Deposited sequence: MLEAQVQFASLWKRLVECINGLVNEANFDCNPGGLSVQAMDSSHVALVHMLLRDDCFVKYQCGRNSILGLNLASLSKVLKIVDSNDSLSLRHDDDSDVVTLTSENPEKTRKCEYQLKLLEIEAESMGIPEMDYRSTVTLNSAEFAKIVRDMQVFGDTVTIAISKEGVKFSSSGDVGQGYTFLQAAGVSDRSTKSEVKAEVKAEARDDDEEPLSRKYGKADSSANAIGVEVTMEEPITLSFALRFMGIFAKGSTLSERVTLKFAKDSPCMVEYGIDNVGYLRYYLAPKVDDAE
């Protein structure tokens, strides 16, 4: 039945790390369009949506829509041991109860094959937000990551404030008060009005692992609405996170 082979296992390694940060199990919705994972954290505050378009793979075959529930904790453990530069083929057979991962060297002198039992995961229900986003900032993904790590020395909450001149990340706590201001000028603001929301750093931190997938990152906001943080996986996919604003 299903077969999806990527050339460089890095991609899967880096992806699973990202999504496993948020949830331990997830359904892999596989279509002829490609693989998607959509999942919420157990507190129903944050959502991941990842899509790997079929052009992502050097070989992709998915006639009908199959759905594969997996333990991301186990999957993460197996992927930890796969070499970055080896190929990796995900394969599931008609009514099999197991998915198989197959890695091979460029030189074809080593072949690894792993098998994971599937789960039993109930359909998500709570869906993507339907926004229309007034503001947008795009910045270096690793700067973003650093900023959220940094803001965590102060508090558990970051306030992001977008203005014509740039974006200001702010946090408070016992240690003191911090901010990092990035100037527009590199940081591409493009907003229709000044806007200022707050968020849980716990989740922003989980999101910021996306920096392993994309040199840049885009944040999208809308007053009193879940923000989005998007990491393009070149032209062959995305990783997208949504997070509820804090209280207020």
For this session: Could you sort out which parts of the deposited sequence are absent from the coordinates (no C-alpha) and give them as ranges from 1?
Result: 186 to 226, 290 to 292
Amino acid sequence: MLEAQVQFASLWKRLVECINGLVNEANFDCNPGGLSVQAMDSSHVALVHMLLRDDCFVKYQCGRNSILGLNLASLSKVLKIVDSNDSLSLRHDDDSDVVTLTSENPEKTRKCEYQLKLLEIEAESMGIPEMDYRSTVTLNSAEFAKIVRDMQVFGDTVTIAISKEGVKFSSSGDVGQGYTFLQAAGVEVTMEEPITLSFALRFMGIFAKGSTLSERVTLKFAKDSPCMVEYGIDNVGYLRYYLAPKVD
From here on, numbers count along this sequence of modelled residues.
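Note that the rigid core is defined as the largest set of C-alphas that superpose within 1.5 Å between two forms.
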Exercise. Once the rigid core is matched, which of the two stretches, 116 to 124 or 75 to 83, lies farther off on average in 4 other deposited structures of this protein by C-alpha?
Worked result: 116 to 124
Seminar exercise, completed: Per-stretch CA RMS vs shown form in 4 other deposited structures of this protein, rigid core as reference, larger of 125 to 133/167 to 175 is 125 to 133
For this session: With reference to the PDB entry, specify whether the mean Cα temperature factor is higher for 149 to 157 or for 164 to 172.
Result: 164 to 172
Exercise. Per the PDB record, is the mean Cα temperature factor higher over 220 to 228 or over 10 to 18?
Worked result: 220 to 228
Exercise. Based on the PDB record, which member of 208, 39, 50, 195 exhibits the highest Cα temperature factor?
Worked result: 195
Problem set entry | Which of 139, 126, 78, 88 ranks first by CA B-factor in the deposited coordinates | 126
Problem set entry | Chain-relative CA temperature factor third for residue 56 | middle
Problem set entry | Chain-relative CA temperature factor third for residue 233 | middle
Seminar exercise, completed: residue 44: CA temperature factor from the record, placed by chain third, in the middle
Seminar exercise, completed: Quick tally, chain-level thirds of C-alpha B-factors: residue 190 sits in the highest
For this session: For residue 35, return the chain-relative third of its C-alpha B-factor as stated in the PDB record: lowest, middle or highest.
Result: lowest
